[PDB]
Amino acid sequence: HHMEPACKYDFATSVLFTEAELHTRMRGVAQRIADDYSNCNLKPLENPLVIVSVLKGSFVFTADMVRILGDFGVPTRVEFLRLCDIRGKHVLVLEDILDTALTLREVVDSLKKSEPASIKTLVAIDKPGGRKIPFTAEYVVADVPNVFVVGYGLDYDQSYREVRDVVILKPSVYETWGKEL
Amino acid sequence: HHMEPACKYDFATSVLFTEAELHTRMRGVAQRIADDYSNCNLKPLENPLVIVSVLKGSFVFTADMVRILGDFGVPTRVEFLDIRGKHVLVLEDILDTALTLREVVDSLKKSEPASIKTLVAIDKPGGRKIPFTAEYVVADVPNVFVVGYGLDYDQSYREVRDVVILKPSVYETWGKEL
Ligand SMILES: Nc1nc2c(ncn2[C@@H]2O[C@H](COP(=O)(O)O)[C@@H](O)[C@H]2O)c(=O)[nH]1
Ligand SMILES: Nc1nc2c(ncn2[C@@H]2O[C@H](COP(=O)(O)O)[C@@H](O)[C@H]2O)c(=O)[nH]1
Ligand SMILES: [Mg+2]
Ligand SMILES: [Mg+2]
Ligand SMILES: [Mg+2]
Ligand SMILES: [Mg+2]
């Protein structure tokens, strides 16, 4: 007899990624970023990696990632969208989730008009099945099936971003909030 | 005789508050906020505590504090820089002259919130150009330029996990780089 314990949060049916396994994946991604940008000569002030964070849900991912990137010797400067002369500089766009990729595609092609030295993308949650156009992020922290999630910046009607984990809400959450007139 | 160990950062003379030291104070502030908003019936979706974060340096302090508030049963929704009838908590990374924070508070009281308070990570009392007091303060700092935990020196060093004081050679070297 399989014993399935109840979800840790009384508002969710399942926890997909905890804060701990998110950070460890990010410490792995940071090492790759530190290796790839090794030949770019990144220094604070003189030549930092321009982190372009896509508001709003990316603020949690951006806060943890730049501190983790700093542990691996990757100096950064942050910019928020939805800016700054990125001409000649290295740009790394950060999104909390990558679903249809229509937003990330428009932002990347926009920043390339200013001609940066290079430009890649790092997403915390990749939702590959929900894509409308072909798009691959250079760096992906974790992958999720085609199910709506919240937490770690991701929201449901601007709420539950504070959930430290990426979880799946109960259906009763949507109807209890739908019944509110 | 007295010996002073080297700072753990090659770019800083001093480390004022560490990441763990800030988090401990933030959990202490979170317990007070949960007590002050105890009878407000805060709840996700229906009536969350509207967090107004003052870009840019506050994004680190906003990401950490918002999660800590969740641990203490304080549901929040984030805004970055309507609240009519909602409780508002303005978050700012550092409170120095208070000119920016006073204008934001007075701009938000136009929409008539249920209540509005302020929470700053770093309070710099001796820097005020006008009298102003934040309801919640994580830590205090003397009148000295600091960086880290979102605070920047020319858009850099925000990623430093602790609130440190840069060496004068950092200002001098970057200053002679024109
Ligand atoms: N919280 C959350 N947001 C998502 C998820 N998948 C896509 N999104 C975001 O939700 C928005 C899509 O709008 P919608 O399809 O709800 O009208 C986009 O901003 C997209 O990035 C998810 O699984 N969880
Ligand atoms: N990094 C850092 N920023 C500060 C400090 N004190 C004030 N600031 C910020 O610096 C700006 C004012 O600097 P100023 O315009 O005088 O160069 C304001 O945004 C203010 O909040 C500090 O000690 N460290
Ligand atoms: Mg959205
Ligand atoms: Mg959303
Ligand atoms: Mg500054
Ligand atoms: Mg400033």
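What follows is calculated from the coordinates using simple rules that are stated; it is not laboratory data. Every residue, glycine as well, gets a Cβ built from its backbone with ideal geometry; the counts of neighbours run over all protein chains shown.
Restricting to region B:154-178, and then to whatever is of a type outside the set (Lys, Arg) and under 15 Å from the mean Cα position of the chain (by Cα), can you tell me which residue is farthest from ligand 1 (Cβ to nearest atom)?
Initially, region B:154-178 is screened for residues of a type outside the set (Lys, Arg), giving B:154-157, B:159-160, B:162-166, B:168-175, B:177-178.
In the following step, the residues that additionally are under 15 Å from the mean Cα position of the chain (by Cα) were identified as B:159-160, B:162-164.
Values: B:159: 25, B:160: 30, B:162: 32, B:163: 32, B:164: 35 Å.
Here the answer is B:164.
Among the residues of region A:167-179, is there at least one that is within 26 Å of residue A:66 (Cβ to Cβ) and either away from ligand 5 (no atom under 16 Å from the Cβ) or crowded, with 22+ Cβ neighbours inside 10 Å (or both)? Reasoning before the result, please.
Going through region A:167-179, the residues within 26 Å of residue A:66 (Cβ to Cβ) turn out to be A:167.
Right, trim to either away from ligand 5 (no atom under 16 Å from the Cβ) or crowded, with 22+ Cβ neighbours inside 10 Å (or both) and you get A:167.
Yes, region A:167-179 contains a residue that is within 26 Å of residue A:66 (Cβ to Cβ) and either away from ligand 5 (no atom under 16 Å from the Cβ) or crowded, with 22+ Cβ neighbours inside 10 Å (or both).
Within region A:2-96, which strands (runs of 3 or more DSSP E) (wholly inside it) include 1 or more residues that are touching a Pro at 6+ places or on another chain (Cβ under 6 Å)? Walk me through how you get there before you give the answer.
On the way: elements: A:12-17, A:49-54, A:76-81.
Once the strands (runs of 3 or more DSSP E) in region A:2-96 are filtered for at least 1 residues that are touching a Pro at 6+ places or on another chain (Cβ under 6 Å), what remains is A:76-81.
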Note on region A:3-20: residues within 22 Å of the chain's Cα centre (by Cα), among the aliphatic types (A, V, I, L, M) and more than 19 Å from residue B:73 (Cβ to Cβ) are A:16, A:20
Of the numbered conditions (1) within 14 Å of the chain's Cα centre (by Cα); (2) within 16 Å of ligand 3 (Cβ to nearest atom); (3) away from every other protein chain (no Cβ under 14 Å), residue A:151 fails exactly one; give the number of that condition. (3)
Tell me which residues, restricted to region A:154-175, are within 15 Å of ligand 3 (Cβ to nearest atom) and not in a loop (DSSP other than H, G, I, E, B). A:154, A:156, A:159
Starting from residues that are among the acidic types (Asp, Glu) and near ligand 2 (Cβ under 10 Å from one of its atoms), keep the ones in region B:137-158 and report whichever is farthest from residue B:26 (Cα to Cα). B:154
Does residue A:112 satisfy the condition of being assigned to a loop (DSSP other than H, G, I, E, B), over 18 Å from residue B:159 (Cβ atoms) and more than 16 Å from ligand 5 (Cβ to nearest atom)? no
State whether the residues of region A:21-29 include one that is hydroxyl-bearing (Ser, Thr, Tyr), within 13 Å of another protein chain (Cβ to nearest Cβ) and within 17 Å of the chain's Cα centre (by Cα). no
